[PDB]
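Just below is one structure, and these are the notes that go with it.
Counting convention: from 1, in listed order, for ligands and their atoms alike. Here is the naming used below: chain letters follow the sequence lines, and residue numbers restart at 1 for every chain.
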Amino acid sequence: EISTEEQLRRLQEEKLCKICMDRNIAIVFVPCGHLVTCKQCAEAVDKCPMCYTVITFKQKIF
Amino acid sequence: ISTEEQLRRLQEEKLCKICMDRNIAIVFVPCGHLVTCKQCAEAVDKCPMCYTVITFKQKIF
Ligand SMILES: [Ca+2]
Ligand SMILES: [Zn+2]
Ligand SMILES: [Zn+2]
Ligand SMILES: [Zn+2]
Ligand SMILES: [Zn+2]
């Protein structure tokens with residue numbers, strides 16, 4: 001945001017699972033499109049933890 | 001590796017692989033590759049990375 005170091009941190013952090021922050025995001029929720037979680041953190045949710053839209057598919061991403 | 005060059009690298013990685021202008025905004029189903037912005041996704045019927053036939057172009061939130 002406010003500096004190149006903060007901008008760098010944001011782009012590094014945005015790759016990581018929003019729940020555990022320990023593993024890259026590896027799932028996109030259909031239909032809402034949120035890139036939220038690694039594969040393990042996506043196992044327990046049936047609604048998106050950001051927008052609460054019912055998940056119809058947990059699509060693997062790379 | 002300077003902060004500025006690391007940042008440039010991560011910013012470039014987010015760019016659509018077709019136009020290299022807008023950021024990636026689509027996930028291809030079923031292969032799951034992040035390749036294109038919304039506009040460029042209209043031009044492809046197969047994933048440019050793995051050539052799998054695309055069944056759905058899911059918008060990233
Ligand atoms: Ca941790
Ligand atoms: Zn996780
Ligand atoms: Zn969502
Ligand atoms: Zn594009
Ligand atoms: Zn692909």
Between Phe62(A) and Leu34(B) the two heavy atoms that sit nearest each other are O-CG, 4.1 Å
Of all the N, O or S atoms in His34(A), the one nearest to the Zn ion (ligand 3) is ND1
Taking the Zn ion (ligand 3) as the apex, SG on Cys51(A) and SG on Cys32(A) give an angle, to 10°, of 100°
Legend entry - Side-chain (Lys58(A)) to main-chain (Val45(A)) donor-acceptor, under 3.5 angstrom: yes
- Item | Derivation of the side-chain contact (heavy atoms from CB on, under 4.5 Å) call for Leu15(B) and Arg22(B) | CA-CA 6 Å; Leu15(B) 288 176; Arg22(B) 298 166 291 263; over 6 Å; no
Closest to the Ca ion (ligand 1), among the N/O/S atoms of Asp22(A), is atom OD1
So CD of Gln6(B) and CZ of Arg9(A): to nearest 0.5 Å the spacing works out to 11.0 Å
